[PDB]
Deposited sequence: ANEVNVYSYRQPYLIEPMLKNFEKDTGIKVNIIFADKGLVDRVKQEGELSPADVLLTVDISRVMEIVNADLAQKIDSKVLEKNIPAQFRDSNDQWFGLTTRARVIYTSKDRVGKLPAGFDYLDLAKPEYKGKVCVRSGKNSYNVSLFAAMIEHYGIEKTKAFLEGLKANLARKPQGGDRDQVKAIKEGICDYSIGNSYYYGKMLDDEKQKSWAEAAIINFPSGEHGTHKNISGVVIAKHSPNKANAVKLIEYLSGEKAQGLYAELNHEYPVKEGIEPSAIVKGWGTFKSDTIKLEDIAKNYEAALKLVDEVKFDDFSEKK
């Protein structure tokens, strides 16, 4: 046909606008399934997998796919021009489309703004007992944060951090990132961990704006700064519509789509010269962790093991 088969780890509200604009501008039909491809299914199906494009939200998932030989190399002058080298594979098998920060939200009323020098690590200190909310420790946004911490500190110190963080939780890990900010608004907790773009999404939503208004976005500024991760894309090894798949990822890297990522999603474009939204610009800039993206993913397995050892999500005692 004239189609492309997309498997998306992103829910419709954070990707449909980009894909609909792609369909209108190119004439190529997008078939989309929301993941639950699934890496194990893509592997076992092998040559019969209909997947063209896998849209990811985490570098560690990207490297799981690439390491399993489920991607293929894409050499595109358009991707080269649009995506800075630090946000795509040197070996051409994966491509970053946005960056996002995993930030600390605080209660406007009960905490205020965090001081310069505040670190993720501070959330494990005894004085924050009963005041911290985080979604499941096994959620990959969290595990990739902990993976970066292993690169910086090793597994003993990272485990001690996880034990302290767990000890300080106000409630059993539950919900997603926005839900923790709702909990700040309601008074259940005073500090949460979540991705930056969700603050802008909440502000844009009539039903969630009060959640964001009750919280302050903070970019950690300890030794290794603020954790960054990427939304991205891989073209599957056996892509049945590969030319169309390349046109899709080239489109997502371009000026128009990158502007949509900025203005609609409140994410940081990878493409230089594309301004963030007014909301995102208002937060100011921050010192990013200089860790290489692959060096986050390298530690994912070890981080997941630590989360299991500390039984992070168990709130029984």
{"query": "Missing CA stretches, deposited numbering from 1, N-terminus first", "finding": "37, 319 to 320"}
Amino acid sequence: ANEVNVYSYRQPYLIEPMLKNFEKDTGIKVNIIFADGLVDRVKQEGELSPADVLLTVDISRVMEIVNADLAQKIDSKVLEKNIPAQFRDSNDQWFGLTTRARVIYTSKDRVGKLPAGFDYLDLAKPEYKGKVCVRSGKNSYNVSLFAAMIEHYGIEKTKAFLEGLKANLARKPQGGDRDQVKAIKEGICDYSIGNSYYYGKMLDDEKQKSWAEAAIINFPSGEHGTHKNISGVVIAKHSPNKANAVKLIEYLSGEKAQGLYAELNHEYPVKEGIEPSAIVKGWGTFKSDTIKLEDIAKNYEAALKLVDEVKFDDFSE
From here on, numbers count along this sequence of modelled residues.
| item | value |
| --- | --- |
| Greater mean Cα temperature factor according to the PDB record, 89 to 97 or 151 to 159 | 89 to 97 |
| Comparing 121 to 129 with 77 to 85, the one whose average Cα B-factor in the PDB entry is higher | 77 to 85 |
| Criterion, highest CA B-factor; candidates, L55, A262, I59, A51 | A51 |
| Top residue by Cα temperature factor, when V30, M63, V280, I291 are compared in the entry | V30 |
| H266 by Cα B-factor - lowest, middle or highest third of the modelled chain | lowest |
| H238 by Cα B-factor - lowest, middle or highest third of the modelled chain | highest |
| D205 by Cα B-factor - lowest, middle or highest third of the modelled chain | highest |
| For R178, the third of its chain into which the C-alpha B factor falls | lowest |
| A302 - Cα temperature factor, lowest/middle/highest third of chain | lowest |
